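Colleague: Attaching a single structure in structure tokens format; questions to follow.
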Amino acid sequence: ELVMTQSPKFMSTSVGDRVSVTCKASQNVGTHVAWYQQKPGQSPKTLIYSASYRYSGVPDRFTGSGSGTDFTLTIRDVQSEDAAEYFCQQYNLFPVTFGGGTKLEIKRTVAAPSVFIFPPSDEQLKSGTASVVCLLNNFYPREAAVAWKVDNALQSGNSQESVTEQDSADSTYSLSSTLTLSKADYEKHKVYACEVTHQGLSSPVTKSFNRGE
Amino acid sequence: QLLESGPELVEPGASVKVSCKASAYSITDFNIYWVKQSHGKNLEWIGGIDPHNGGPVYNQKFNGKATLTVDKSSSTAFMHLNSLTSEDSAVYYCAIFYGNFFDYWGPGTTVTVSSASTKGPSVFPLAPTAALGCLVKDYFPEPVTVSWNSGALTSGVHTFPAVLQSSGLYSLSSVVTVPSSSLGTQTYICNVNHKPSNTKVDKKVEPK
Ligand SMILES: C[N+]1(Cc2ccc(C(=O)NCCO)cc2)CCCCC1
């Protein structure tokens with residue numbers, strides 16, 4: 001099998017910058033290599049074939065080069081919508097092989113989250129469970145601490161988090177923290193609060209609500 | 001321009017045949033290959049068939065596991081995976097190409113190997129510049145798709161990767177932000193589809 005070792009593994013850079021991904025073949029593969037870009041929630045899309053040639057509709061700010069065992073993809077005016085994972089591909093000798101990939105995040109100014117809290121539906125409660133959701137919206141960077149509290153006692157072990165890939169337009173992230181309790185547990189307490197700590201905030205902001213009002 | 005057979009939940013040791021067909025042309029008069037995406041996101045060339053010389057080309061790693069055939073008559077390509085194990089759980093794409101012209105991948109087929117049974121999600125309203133959403137809880141297997149107002153609403157929509165909760169059931173919420181003024185003027189319906197369990201539900205999200 002021909003190995004394609006690609007680097008860097010991960011890279012963060014500002015809009016308008018120039019960066020380059022690289023691939024190392026383990027055997028001169030001529031110029032039989034392609035470059036692929038895969039945006040969040042989509043199949044990969046070929047950018048380049050034959051190391052330096054572009055496919056229609058692929059912006060000129062993409063260029064490929066190199067040969068033998070040394071290949072490079074360069075992006076020259078990094079745009080937000082550029083946020084993706086990039087892969088090189090060798091197709092000079094079967095079996096075709098892909099590089100491990102390069103995840104390109106974009107550096108943007110800090111931006112504080114917008115915090116919203118959601119009580120469980122009166123319809124979900126009926127069935128036995130209670131999920132209290134806390135949404136942190138459009139922030140940067142991706143690092144954020146969320147603390148759940150109920151009647152002012154801090155919680156652990158009954159929450160889960162999820163974060164979206166960087167938004168292609170505003171380069172922000174969004175996160176959700178979900179508190180899962182049993183119906184009984186939920187009706188035991190009154191005050192339900194979600195506290196958010198983020199470097200874009202001078203001091204942690206709290207969004208809470210009282211049960212039944 | 002490519003369609004692929006729906007998502008799949010296949011019991012270990014059992015098998016699965018994935019289909020792939022084009023809408024306005026025959027994929028069978030172009031080269032066709034399949035690619036597997038697994039542990040996180042990472043690609044493996046399975047094998048391919050050339051339209052001008054009998055015989056599918058296979059990668060050894062999948063010799064014995066993958067069988068590739070076509071049916072030039074119906075313009076359909078097939079991939080048969082036998083003896084499935086949890087390491088066959090992945091997104092499988094069929095791709096088409098011709099010389100240096102195009103090279104286009106299909107949407108993807110999620111494939112989960114597991115003895116569990118399919119379970120559609122419960123969809124709960126996440127009641128309300130303001131945010132609203134839908135909790136899509138307790139479904140199996142992945143994936144599920146959510147959309148707002150039948151597709152009409154796309155700005156500010158944020159759908160979160162699903163989390164595998166301890167019960168072995170998947171869970172995620174979709175959110176959207178809108179103008180608060182709009183809360184007494186516009187109806188907001190989230191539409192959830194979970195192909196595997198033939199579960200399709202519309203949920204009105206309104207101010208509680
Ligand atoms: C698709 N590709 C590379 C490539 C991809 C898949 C195969 C392949 O699997 N061929 C089997 C015989 O038809 C061969 C080559 C074509 C040439 C440009 C770069 C992209």
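Just so we're on the same page: first chain in the structure tokens is A, next is B, and so on; residues restart at 1 for each chain, and ligands are numbered from 1 in the order they show up.
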Taking only C-alpha atoms into account, find every residue of chain B that has an atom no more than 9 Å from chain A, and write it out as number ranges by chain.
Modeller: B: 41-47, 57-60, 93, 100-108, 122-128, 130-132, 135, 158-163, 165, 172-173, 175, 208
Colleague: Could you please write out, as an mmCIF file with N, CA and C atoms, in the first residue's frame, every residue of chain A that DSSP assigns to strand (DSSP E or B)?
Modeller:
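states.cif, written as the output of this step:
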data_model
loop_
_atom_site.group_PDB
_atom_site.id
_atom_site.type_symbol
_atom_site.label_atom_id
_atom_site.label_comp_id
_atom_site.auth_asym_id
_atom_site.auth_seq_id
_atom_site.Cartn_x
_atom_site.Cartn_y
_atom_site.Cartn_z
ATOM 1 N N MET A 4 0.215 7.920 2.279
ATOM 2 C CA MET A 4 0.247 9.365 2.085
ATOM 3 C C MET A 4 0.173 10.012 3.457
ATOM 4 N N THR A 5 1.297 10.527 3.939
ATOM 5 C CA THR A 5 1.282 11.223 5.225
ATOM 6 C C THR A 5 1.191 12.716 4.965
ATOM 7 N N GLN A 6 0.134 13.294 5.517
ATOM 8 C CA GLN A 6 -0.277 14.660 5.252
ATOM 9 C C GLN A 6 -0.136 15.538 6.497
ATOM 10 N N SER A 7 0.262 16.797 6.310
ATOM 11 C CA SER A 7 0.370 17.731 7.436
ATOM 12 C C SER A 7 0.216 19.179 6.995
ATOM 13 N N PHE A 10 -3.778 19.766 11.891
ATOM 14 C CA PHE A 10 -4.761 20.804 12.202
ATOM 15 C C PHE A 10 -4.115 22.177 12.021
ATOM 16 N N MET A 11 -4.860 23.138 11.468
ATOM 17 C CA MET A 11 -4.344 24.511 11.330
ATOM 18 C C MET A 11 -5.401 25.632 11.443
ATOM 19 N N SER A 12 -5.068 26.670 12.204
ATOM 20 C CA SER A 12 -5.946 27.808 12.427
ATOM 21 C C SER A 12 -5.277 29.035 11.836
ATOM 22 N N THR A 13 -6.021 29.826 11.072
ATOM 23 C CA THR A 13 -5.432 30.991 10.432
ATOM 24 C C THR A 13 -6.509 32.031 10.098
ATOM 25 N N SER A 14 -6.093 33.277 9.935
ATOM 26 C CA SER A 14 -7.050 34.348 9.717
ATOM 27 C C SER A 14 -7.540 34.421 8.279
ATOM 28 N N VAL A 19 -1.948 29.677 3.469
ATOM 29 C CA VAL A 19 -1.397 28.540 4.190
ATOM 30 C C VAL A 19 -1.216 27.402 3.217
ATOM 31 N N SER A 20 -0.430 26.411 3.604
ATOM 32 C CA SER A 20 -0.246 25.285 2.706
ATOM 33 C C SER A 20 -0.268 23.944 3.403
ATOM 34 N N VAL A 21 -1.040 23.038 2.815
ATOM 35 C CA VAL A 21 -1.092 21.655 3.256
ATOM 36 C C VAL A 21 -0.054 20.855 2.478
ATOM 37 N N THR A 22 0.473 19.812 3.094
ATOM 38 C CA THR A 22 1.483 19.039 2.401
ATOM 39 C C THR A 22 1.244 17.549 2.509
ATOM 40 N N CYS A 23 1.713 16.820 1.506
ATOM 41 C CA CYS A 23 1.598 15.389 1.539
ATOM 42 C C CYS A 23 2.901 14.741 1.135
ATOM 43 N N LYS A 24 3.242 13.662 1.826
ATOM 44 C CA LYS A 24 4.435 12.907 1.500
ATOM 45 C C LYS A 24 4.083 11.502 1.026
ATOM 46 N N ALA A 25 4.462 11.185 -0.200
ATOM 47 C CA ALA A 25 4.282 9.833 -0.696
ATOM 48 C C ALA A 25 5.472 8.990 -0.258
ATOM 49 N N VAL A 33 -1.830 12.649 -8.256
ATOM 50 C CA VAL A 33 -2.385 12.966 -6.957
ATOM 51 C C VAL A 33 -3.462 14.052 -7.062
ATOM 52 N N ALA A 34 -4.528 13.890 -6.286
ATOM 53 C CA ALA A 34 -5.598 14.869 -6.275
ATOM 54 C C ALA A 34 -5.741 15.481 -4.888
ATOM 55 N N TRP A 35 -6.455 16.592 -4.817
ATOM 56 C CA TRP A 35 -6.704 17.273 -3.564
ATOM 57 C C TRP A 35 -8.207 17.416 -3.407
ATOM 58 N N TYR A 36 -8.705 17.115 -2.215
ATOM 59 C CA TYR A 36 -10.130 17.161 -1.961
ATOM 60 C C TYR A 36 -10.418 18.034 -0.778
ATOM 61 N N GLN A 37 -11.536 18.753 -0.844
ATOM 62 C CA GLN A 37 -12.024 19.546 0.281
ATOM 63 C C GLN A 37 -13.397 19.016 0.709
ATOM 64 N N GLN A 38 -13.573 18.798 2.021
ATOM 65 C CA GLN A 38 -14.849 18.303 2.565
ATOM 66 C C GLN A 38 -15.432 19.229 3.635
ATOM 67 N N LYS A 45 -15.165 17.067 -2.088
ATOM 68 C CA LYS A 45 -15.267 17.613 -3.427
ATOM 69 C C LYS A 45 -13.864 17.795 -3.997
ATOM 70 N N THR A 46 -13.604 17.229 -5.171
ATOM 71 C CA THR A 46 -12.278 17.357 -5.785
ATOM 72 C C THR A 46 -11.939 18.807 -6.118
ATOM 73 N N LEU A 47 -10.742 19.239 -5.747
ATOM 74 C CA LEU A 47 -10.283 20.578 -6.085
ATOM 75 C C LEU A 47 -9.267 20.473 -7.216
ATOM 76 N N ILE A 48 -8.414 19.460 -7.114
ATOM 77 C CA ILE A 48 -7.267 19.348 -7.994
ATOM 78 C C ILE A 48 -6.985 17.931 -8.431
ATOM 79 N N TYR A 49 -6.600 17.801 -9.693
ATOM 80 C CA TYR A 49 -6.186 16.533 -10.240
ATOM 81 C C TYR A 49 -4.847 16.783 -10.896
ATOM 82 N N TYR A 53 -3.505 20.923 -11.465
ATOM 83 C CA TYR A 53 -4.578 21.358 -12.350
ATOM 84 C C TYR A 53 -5.922 21.432 -11.637
ATOM 85 N N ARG A 54 -6.632 22.526 -11.883
ATOM 86 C CA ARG A 54 -7.920 22.759 -11.243
ATOM 87 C C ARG A 54 -9.119 22.209 -12.009
ATOM 88 N N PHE A 62 -6.913 28.484 -4.990
ATOM 89 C CA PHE A 62 -6.431 27.122 -4.743
ATOM 90 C C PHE A 62 -5.408 26.759 -5.832
ATOM 91 N N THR A 63 -4.289 26.162 -5.423
ATOM 92 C CA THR A 63 -3.252 25.735 -6.359
ATOM 93 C C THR A 63 -2.543 24.514 -5.805
ATOM 94 N N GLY A 64 -2.203 23.578 -6.685
ATOM 95 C CA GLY A 64 -1.492 22.377 -6.295
ATOM 96 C C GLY A 64 -0.160 22.328 -7.003
ATOM 97 N N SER A 65 0.775 21.567 -6.451
ATOM 98 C CA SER A 65 2.110 21.520 -7.014
ATOM 99 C C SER A 65 2.921 20.388 -6.412
ATOM 100 N N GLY A 66 4.112 20.182 -6.960
ATOM 101 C CA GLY A 66 4.999 19.140 -6.501
ATOM 102 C C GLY A 66 4.870 17.875 -7.323
ATOM 103 N N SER A 67 5.752 16.914 -7.046
ATOM 104 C CA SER A 67 5.772 15.637 -7.753
ATOM 105 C C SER A 67 6.804 14.646 -7.166
ATOM 106 N N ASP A 70 6.577 14.630 -3.150
ATOM 107 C CA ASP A 70 6.370 15.892 -2.460
ATOM 108 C C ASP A 70 5.286 16.751 -3.089
ATOM 109 N N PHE A 71 4.191 16.941 -2.362
ATOM 110 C CA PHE A 71 3.035 17.637 -2.906
ATOM 111 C C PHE A 71 2.529 18.726 -1.973
ATOM 112 N N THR A 72 1.956 19.774 -2.552
ATOM 113 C CA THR A 72 1.509 20.890 -1.749
ATOM 114 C C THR A 72 0.224 21.489 -2.282
ATOM 115 N N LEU A 73 -0.728 21.729 -1.384
ATOM 116 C CA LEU A 73 -1.937 22.475 -1.701
ATOM 117 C C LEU A 73 -1.790 23.807 -0.983
ATOM 118 N N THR A 74 -1.938 24.898 -1.722
ATOM 119 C CA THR A 74 -1.830 26.217 -1.127
ATOM 120 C C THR A 74 -3.130 26.989 -1.326
ATOM 121 N N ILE A 75 -3.638 27.581 -0.246
ATOM 122 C CA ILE A 75 -4.818 28.434 -0.300
ATOM 123 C C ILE A 75 -4.357 29.876 -0.088
ATOM 124 N N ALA A 84 -12.875 23.778 6.395
ATOM 125 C CA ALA A 84 -13.110 22.378 6.038
ATOM 126 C C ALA A 84 -11.957 21.471 6.415
ATOM 127 N N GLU A 85 -12.101 20.213 6.021
ATOM 128 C CA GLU A 85 -11.031 19.243 6.135
ATOM 129 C C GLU A 85 -10.578 18.971 4.716
ATOM 130 N N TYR A 86 -9.267 18.969 4.519
ATOM 131 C CA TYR A 86 -8.651 18.755 3.211
ATOM 132 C C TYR A 86 -7.881 17.439 3.174
ATOM 133 N N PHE A 87 -7.906 16.784 2.017
ATOM 134 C CA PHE A 87 -7.295 15.477 1.856
ATOM 135 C C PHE A 87 -6.547 15.441 0.553
ATOM 136 N N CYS A 88 -5.414 14.757 0.530
ATOM 137 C CA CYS A 88 -4.724 14.519 -0.724
ATOM 138 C C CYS A 88 -5.031 13.074 -1.089
ATOM 139 N N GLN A 89 -4.787 12.712 -2.337
ATOM 140 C CA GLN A 89 -5.089 11.369 -2.795
ATOM 141 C C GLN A 89 -4.063 10.934 -3.802
ATOM 142 N N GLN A 90 -3.589 9.707 -3.658
ATOM 143 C CA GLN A 90 -2.652 9.151 -4.616
ATOM 144 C C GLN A 90 -3.452 8.202 -5.516
ATOM 145 N N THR A 97 -4.975 5.546 -2.345
ATOM 146 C CA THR A 97 -4.878 5.847 -0.914
ATOM 147 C C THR A 97 -5.063 7.339 -0.631
ATOM 148 N N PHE A 98 -5.624 7.655 0.533
ATOM 149 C CA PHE A 98 -5.843 9.041 0.935
ATOM 150 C C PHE A 98 -4.919 9.423 2.066
ATOM 151 N N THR A 102 -6.281 17.201 6.885
ATOM 152 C CA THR A 102 -5.897 18.460 7.520
ATOM 153 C C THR A 102 -7.164 19.245 7.845
ATOM 154 N N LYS A 103 -7.420 19.502 9.124
ATOM 155 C CA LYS A 103 -8.595 20.272 9.544
ATOM 156 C C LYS A 103 -8.254 21.750 9.633
ATOM 157 N N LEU A 104 -8.903 22.559 8.810
ATOM 158 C CA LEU A 104 -8.640 23.992 8.769
ATOM 159 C C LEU A 104 -9.702 24.809 9.519
ATOM 160 N N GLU A 105 -9.364 25.281 10.716
ATOM 161 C CA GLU A 105 -10.240 26.189 11.442
ATOM 162 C C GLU A 105 -9.826 27.614 11.067
ATOM 163 N N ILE A 106 -10.684 28.592 11.316
ATOM 164 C CA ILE A 106 -10.339 29.959 10.983
ATOM 165 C C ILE A 106 -10.217 30.812 12.245
ATOM 166 N N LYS A 107 -9.191 31.655 12.301
ATOM 167 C CA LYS A 107 -9.044 32.540 13.441
ATOM 168 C C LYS A 107 -9.893 33.787 13.220
ATOM 169 N N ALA A 111 -15.689 36.588 20.461
ATOM 170 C CA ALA A 111 -17.106 36.963 20.406
ATOM 171 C C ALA A 111 -17.861 36.204 21.478
ATOM 172 N N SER A 114 -24.312 34.060 23.086
ATOM 173 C CA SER A 114 -25.611 34.544 23.506
ATOM 174 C C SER A 114 -26.213 33.330 24.167
ATOM 175 N N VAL A 115 -26.655 33.512 25.405
ATOM 176 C CA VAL A 115 -27.149 32.409 26.213
ATOM 177 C C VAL A 115 -28.666 32.382 26.312
ATOM 178 N N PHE A 116 -29.247 31.232 25.985
ATOM 179 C CA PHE A 116 -30.680 31.018 26.128
ATOM 180 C C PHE A 116 -30.880 29.726 26.889
ATOM 181 N N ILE A 117 -31.920 29.678 27.720
ATOM 182 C CA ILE A 117 -32.272 28.483 28.484
ATOM 183 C C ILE A 117 -33.687 28.047 28.117
ATOM 184 N N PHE A 118 -33.915 26.742 28.056
ATOM 185 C CA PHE A 118 -35.216 26.204 27.688
ATOM 186 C C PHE A 118 -35.734 25.202 28.712
ATOM 187 N N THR A 129 -39.581 11.849 31.730
ATOM 188 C CA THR A 129 -38.285 12.534 31.757
ATOM 189 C C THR A 129 -38.356 14.053 31.573
ATOM 190 N N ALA A 130 -37.283 14.740 31.960
ATOM 191 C CA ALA A 130 -37.206 16.192 31.842
ATOM 192 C C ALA A 130 -35.838 16.619 31.354
ATOM 193 N N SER A 131 -35.808 17.263 30.189
ATOM 194 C CA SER A 131 -34.567 17.793 29.627
ATOM 195 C C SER A 131 -34.635 19.307 29.643
ATOM 196 N N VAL A 132 -33.642 19.922 30.264
ATOM 197 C CA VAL A 132 -33.554 21.364 30.355
ATOM 198 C C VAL A 132 -32.382 21.723 29.476
ATOM 199 N N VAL A 133 -32.628 22.502 28.429
ATOM 200 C CA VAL A 133 -31.550 22.767 27.489
ATOM 201 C C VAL A 133 -30.984 24.156 27.651
ATOM 202 N N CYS A 134 -29.673 24.277 27.500
ATOM 203 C CA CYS A 134 -29.058 25.586 27.606
ATOM 204 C C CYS A 134 -28.207 25.833 26.382
ATOM 205 N N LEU A 135 -28.576 26.863 25.622
ATOM 206 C CA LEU A 135 -27.907 27.199 24.371
ATOM 207 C C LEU A 135 -26.953 28.398 24.448
ATOM 208 N N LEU A 136 -25.700 28.164 24.062
ATOM 209 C CA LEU A 136 -24.688 29.208 23.903
ATOM 210 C C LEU A 136 -24.564 29.430 22.396
ATOM 211 N N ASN A 137 -24.874 30.635 21.928
ATOM 212 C CA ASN A 137 -24.927 30.854 20.480
ATOM 213 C C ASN A 137 -23.943 31.844 19.865
ATOM 214 N N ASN A 138 -23.337 31.425 18.758
ATOM 215 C CA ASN A 138 -22.413 32.252 17.979
ATOM 216 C C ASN A 138 -21.271 32.895 18.779
ATOM 217 N N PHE A 139 -20.335 32.070 19.248
ATOM 218 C CA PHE A 139 -19.183 32.571 20.007
ATOM 219 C C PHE A 139 -17.841 32.104 19.430
ATOM 220 N N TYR A 140 -16.759 32.724 19.895
ATOM 221 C CA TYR A 140 -15.392 32.349 19.527
ATOM 222 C C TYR A 140 -14.420 32.891 20.590
ATOM 223 N N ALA A 145 -17.009 27.048 29.390
ATOM 224 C CA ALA A 145 -17.423 26.277 30.557
ATOM 225 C C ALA A 145 -18.871 26.574 30.855
ATOM 226 N N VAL A 146 -19.680 25.527 30.979
ATOM 227 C CA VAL A 146 -21.066 25.713 31.380
ATOM 228 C C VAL A 146 -21.307 24.989 32.700
ATOM 229 N N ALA A 147 -21.949 25.680 33.636
ATOM 230 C CA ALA A 147 -22.285 25.103 34.932
ATOM 231 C C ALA A 147 -23.799 25.074 35.160
ATOM 232 N N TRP A 148 -24.335 23.904 35.479
ATOM 233 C CA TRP A 148 -25.744 23.816 35.807
ATOM 234 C C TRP A 148 -25.944 23.969 37.310
ATOM 235 N N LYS A 149 -27.000 24.675 37.691
ATOM 236 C CA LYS A 149 -27.363 24.747 39.102
ATOM 237 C C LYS A 149 -28.870 24.598 39.279
ATOM 238 N N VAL A 150 -29.261 23.952 40.367
ATOM 239 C CA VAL A 150 -30.667 23.768 40.683
ATOM 240 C C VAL A 150 -30.858 24.080 42.145
ATOM 241 N N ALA A 153 -27.516 24.535 44.019
ATOM 242 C CA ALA A 153 -26.519 23.479 44.158
ATOM 243 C C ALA A 153 -25.986 23.155 42.758
ATOM 244 N N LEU A 154 -24.664 23.186 42.596
ATOM 245 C CA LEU A 154 -24.020 22.931 41.301
ATOM 246 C C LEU A 154 -24.076 21.454 40.906
ATOM 247 N N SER A 159 -25.471 15.978 32.647
ATOM 248 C CA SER A 159 -25.491 16.911 31.536
ATOM 249 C C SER A 159 -24.600 16.422 30.391
ATOM 250 N N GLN A 160 -24.913 16.840 29.167
ATOM 251 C CA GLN A 160 -24.105 16.467 28.008
ATOM 252 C C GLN A 160 -23.993 17.666 27.065
ATOM 253 N N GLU A 161 -22.875 17.770 26.354
ATOM 254 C CA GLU A 161 -22.624 18.912 25.482
ATOM 255 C C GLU A 161 -22.430 18.524 24.025
ATOM 256 N N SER A 162 -22.726 19.462 23.139
ATOM 257 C CA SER A 162 -22.481 19.259 21.722
ATOM 258 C C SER A 162 -22.118 20.592 21.073
ATOM 259 N N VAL A 163 -21.157 20.569 20.158
ATOM 260 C CA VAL A 163 -20.783 21.801 19.481
ATOM 261 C C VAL A 163 -20.801 21.669 17.962
ATOM 262 N N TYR A 173 -19.055 29.445 16.690
ATOM 263 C CA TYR A 173 -19.458 28.136 17.136
ATOM 264 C C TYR A 173 -20.737 28.328 17.906
ATOM 265 N N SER A 174 -21.472 27.241 18.072
ATOM 266 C CA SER A 174 -22.626 27.241 18.947
ATOM 267 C C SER A 174 -22.550 25.955 19.747
ATOM 268 N N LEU A 175 -22.989 26.012 20.993
ATOM 269 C CA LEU A 175 -22.940 24.857 21.868
ATOM 270 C C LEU A 175 -24.271 24.672 22.609
ATOM 271 N N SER A 176 -24.586 23.425 22.935
ATOM 272 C CA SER A 176 -25.776 23.126 23.709
ATOM 273 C C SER A 176 -25.404 22.243 24.880
ATOM 274 N N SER A 177 -25.873 22.611 26.062
ATOM 275 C CA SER A 177 -25.717 21.771 27.229
ATOM 276 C C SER A 177 -27.110 21.273 27.607
ATOM 277 N N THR A 178 -27.255 19.960 27.730
ATOM 278 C CA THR A 178 -28.540 19.336 28.029
ATOM 279 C C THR A 178 -28.600 18.607 29.391
ATOM 280 N N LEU A 179 -29.428 19.124 30.297
ATOM 281 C CA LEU A 179 -29.587 18.542 31.625
ATOM 282 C C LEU A 179 -30.750 17.555 31.649
ATOM 283 N N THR A 180 -30.452 16.294 31.957
ATOM 284 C CA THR A 180 -31.477 15.257 31.939
ATOM 285 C C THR A 180 -31.820 14.748 33.332
ATOM 286 N N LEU A 181 -33.068 14.945 33.732
ATOM 287 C CA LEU A 181 -33.529 14.514 35.041
ATOM 288 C C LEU A 181 -34.761 13.632 34.890
ATOM 289 N N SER A 182 -35.182 12.990 35.976
ATOM 290 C CA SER A 182 -36.434 12.259 35.943
ATOM 291 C C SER A 182 -37.531 13.251 36.291
ATOM 292 N N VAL A 191 -35.709 26.524 41.091
ATOM 293 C CA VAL A 191 -34.833 27.345 40.266
ATOM 294 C C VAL A 191 -33.836 26.520 39.462
ATOM 295 N N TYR A 192 -33.828 26.781 38.166
ATOM 296 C CA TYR A 192 -32.968 26.073 37.252
ATOM 297 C C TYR A 192 -32.127 27.104 36.515
ATOM 298 N N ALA A 193 -30.811 27.032 36.701
ATOM 299 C CA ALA A 193 -29.914 28.016 36.107
ATOM 300 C C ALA A 193 -28.714 27.408 35.390
ATOM 301 N N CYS A 194 -28.338 28.076 34.310
ATOM 302 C CA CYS A 194 -27.214 27.726 33.474
ATOM 303 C C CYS A 194 -26.250 28.928 33.490
ATOM 304 N N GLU A 195 -25.040 28.721 34.003
ATOM 305 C CA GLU A 195 -24.035 29.789 34.050
ATOM 306 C C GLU A 195 -22.974 29.570 32.966
ATOM 307 N N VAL A 196 -22.675 30.613 32.192
ATOM 308 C CA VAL A 196 -21.691 30.496 31.114
ATOM 309 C C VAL A 196 -20.429 31.324 31.355
ATOM 310 N N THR A 197 -19.271 30.666 31.306
ATOM 311 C CA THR A 197 -17.984 31.347 31.414
ATOM 312 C C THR A 197 -17.261 31.231 30.074
ATOM 313 N N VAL A 205 -21.995 34.995 32.762
ATOM 314 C CA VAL A 205 -23.409 35.379 32.731
ATOM 315 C C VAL A 205 -24.313 34.176 32.982
ATOM 316 N N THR A 206 -25.415 34.412 33.698
ATOM 317 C CA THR A 206 -26.359 33.366 34.077
ATOM 318 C C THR A 206 -27.749 33.588 33.502
ATOM 319 N N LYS A 207 -28.301 32.545 32.891
ATOM 320 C CA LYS A 207 -29.690 32.557 32.451
ATOM 321 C C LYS A 207 -30.469 31.470 33.208
ATOM 322 N N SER A 208 -31.476 31.876 33.969
ATOM 323 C CA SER A 208 -32.255 30.919 34.742
ATOM 324 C C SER A 208 -33.763 31.083 34.587
ATOM 325 N N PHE A 209 -34.501 30.173 35.216
ATOM 326 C CA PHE A 209 -35.961 30.224 35.228
ATOM 327 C C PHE A 209 -36.495 29.448 36.421
ATOM 328 N N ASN A 210 -37.667 29.855 36.905
ATOM 329 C CA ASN A 210 -38.344 29.160 37.993
ATOM 330 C C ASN A 210 -39.352 28.164 37.441
#
Colleague: Each residue of chain B with at least one atom at most 7 Å from ligand 1 should appear once, together with its nearest atom pair and the corresponding distance in Å (one decimal); atoms considered: only C-alpha atoms and all ligand atoms; ordering: chain, then increasing residue number; output as a tab-separated table.
Modeller:
residue	atom	partner	partner_atom_place_in_ligand_line	distance
B:31	CA	ligand 1	13 (O)	4.9
B:32	CA	ligand 1	13 (O)	6.3
B:33	CA	ligand 1	9 (O)	4.9
B:47	CA	ligand 1	9 (O)	5.1
B:48	CA	ligand 1	11 (C)	3.9
B:49	CA	ligand 1	13 (O)	4.4
B:50	CA	ligand 1	13 (O)	3.6
B:56	CA	ligand 1	12 (C)	6.8
B:57	CA	ligand 1	11 (C)	5.3
B:97	CA	ligand 1	1 (C)	5.6
B:98	CA	ligand 1	16 (C)	6.8
B:99	CA	ligand 1	17 (C)	5.7
B:100	CA	ligand 1	18 (C)	5.5
B:103	CA	ligand 1	1 (C)	5.7
Colleague: Would you pick out the contacts of segment 75-81 of chain B at 7 Å or less, using only C-alpha atoms, so that residues sharing its chain but fewer than 5 positions from it are not included, and give the list as a short mmCIF file (atom, residue, chain, number, x, y, z; two decimals) with N, CA, C and O atoms, in the first residue's frame?
Modeller:
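Final file, part-v2.cif:
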data_model
loop_
_atom_site.label_atom_id
_atom_site.label_comp_id
_atom_site.auth_asym_id
_atom_site.auth_seq_id
_atom_site.Cartn_x
_atom_site.Cartn_y
_atom_site.Cartn_z
N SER B 15 -25.72 -9.23 6.14
CA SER B 15 -25.16 -8.54 4.98
C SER B 15 -25.94 -7.30 4.54
O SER B 15 -26.98 -6.99 5.09
N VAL B 16 -25.42 -6.60 3.54
CA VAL B 16 -26.08 -5.38 3.05
C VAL B 16 -25.66 -4.98 1.62
O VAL B 16 -24.48 -4.92 1.30
N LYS B 17 -26.65 -4.72 0.77
CA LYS B 17 -26.37 -4.29 -0.59
C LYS B 17 -26.79 -2.84 -0.77
O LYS B 17 -27.96 -2.50 -0.62
N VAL B 18 -25.82 -1.98 -1.10
CA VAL B 18 -26.07 -0.55 -1.32
C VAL B 18 -26.17 -0.22 -2.81
O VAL B 18 -25.37 -0.67 -3.62
N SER B 19 -27.18 0.57 -3.16
CA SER B 19 -27.44 0.92 -4.54
C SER B 19 -26.99 2.33 -4.81
O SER B 19 -26.78 3.10 -3.89
N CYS B 20 -26.85 2.67 -6.08
CA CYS B 20 -26.41 4.00 -6.46
C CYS B 20 -26.68 4.19 -7.94
O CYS B 20 -26.28 3.37 -8.77
N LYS B 21 -27.37 5.27 -8.25
CA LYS B 21 -27.94 5.48 -9.57
C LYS B 21 -28.03 6.98 -9.85
O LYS B 21 -28.25 7.77 -8.94
N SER B 26 -26.47 7.93 -17.34
CA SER B 26 -26.06 6.62 -16.86
C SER B 26 -24.68 6.74 -16.23
O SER B 26 -23.73 7.17 -16.88
N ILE B 27 -24.57 6.36 -14.97
CA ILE B 27 -23.27 6.36 -14.30
C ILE B 27 -22.43 5.21 -14.88
O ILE B 27 -21.20 5.25 -14.87
N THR B 28 -23.13 4.21 -15.39
CA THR B 28 -22.53 3.01 -15.96
C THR B 28 -21.69 3.23 -17.24
O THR B 28 -20.97 2.33 -17.65
N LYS B 65 -14.64 -8.93 1.56
CA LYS B 65 -15.72 -8.24 2.26
C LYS B 65 -16.65 -7.50 1.30
O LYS B 65 -17.87 -7.45 1.52
N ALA B 66 -16.06 -6.94 0.24
CA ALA B 66 -16.79 -6.10 -0.72
C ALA B 66 -16.96 -6.74 -2.09
O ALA B 66 -16.02 -7.27 -2.66
N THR B 67 -18.18 -6.67 -2.61
CA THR B 67 -18.44 -7.16 -3.96
C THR B 67 -19.08 -6.02 -4.73
O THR B 67 -20.10 -5.48 -4.33
N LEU B 68 -18.45 -5.64 -5.84
CA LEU B 68 -18.93 -4.55 -6.67
C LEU B 68 -19.49 -5.09 -7.98
O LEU B 68 -18.82 -5.86 -8.69
N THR B 69 -20.72 -4.71 -8.30
CA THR B 69 -21.28 -5.06 -9.60
C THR B 69 -22.01 -3.84 -10.11
O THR B 69 -22.23 -2.89 -9.37
N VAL B 70 -22.38 -3.89 -11.39
CA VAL B 70 -23.20 -2.86 -11.99
C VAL B 70 -24.32 -3.55 -12.72
O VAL B 70 -24.33 -4.77 -12.85
#
Colleague: So which one's closest to residue 112 of chain A, A:78, A:2, A:142, A:187? Using only C-alpha atoms, please.
Modeller: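 Among the listed residues, A:142 lies closest to residue 112 of chain A.
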Colleague: With only C-alpha atoms as the counted atoms, please give the residues lying no more than 6 Å from segment 185-198 of chain B, apart from itself and same-chain residues fewer than 6 positions off, as a VMD selection string.
Modeller: chain B and resid 118 120 144 to 149 204 to 205
